[PDB]
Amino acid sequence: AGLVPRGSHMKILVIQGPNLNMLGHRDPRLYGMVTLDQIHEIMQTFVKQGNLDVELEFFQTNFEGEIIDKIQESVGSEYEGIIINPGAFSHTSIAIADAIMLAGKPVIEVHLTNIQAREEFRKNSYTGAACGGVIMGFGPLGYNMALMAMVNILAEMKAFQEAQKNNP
């Protein structure tokens, strides 16, 4: 008793789906040539500026199967929550949505654009329905909003579980 110091390395996995790696090379003039690496740096700076004890891991892929593999690799292993932008797969991938459903951890969906405001085929998100919450239309800023939420959620889950939940 009293032998386990606190508190948190929170470990959050950020999964980016198809085409996002081309940000700032084709577009966005919409955010003035911000790149995907730059969004990731922005998230790291958010952590630093808040003096938060958070470890971020970043992963981008154009493959549905690589997204599912990555979600599965997190289930047994260390990552406490996932921030995901499945991009265009959000509207079609029942398989990714099911993988999220049974990930056993909080998952937050982010989109750069307001997918509710575009073509009819972009309005549906199977994956969004599986996630706890969805953020859309804030550009890179949306990712910092997702991080703010995830830190709150993971900090409160600990409080409950331990100290309270249990003092072995």
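For every residue, the number given is its place in the sequence shown, counted from 1.
As recorded in the PDB entry, 75-83 is the stretch of 75-83 and 90-98 with the greater mean C-alpha temperature factor. Looking at mean Cα B-factors across 155-163 and 14-22, the upper value is held by 155-163. When the C-alpha B-factors of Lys48, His111, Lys70, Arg122 are read from the PDB record, the largest value belongs to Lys48.
In this entry, the residue among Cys131, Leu30, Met43, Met136 with the greatest C-alpha B factor is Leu30. Per the PDB record, residue ranking by Cα B-factor puts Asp53 in the highest third of the chain. Sorting the modelled residues of the chain by their CA temperature factor places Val34 in the highest third.
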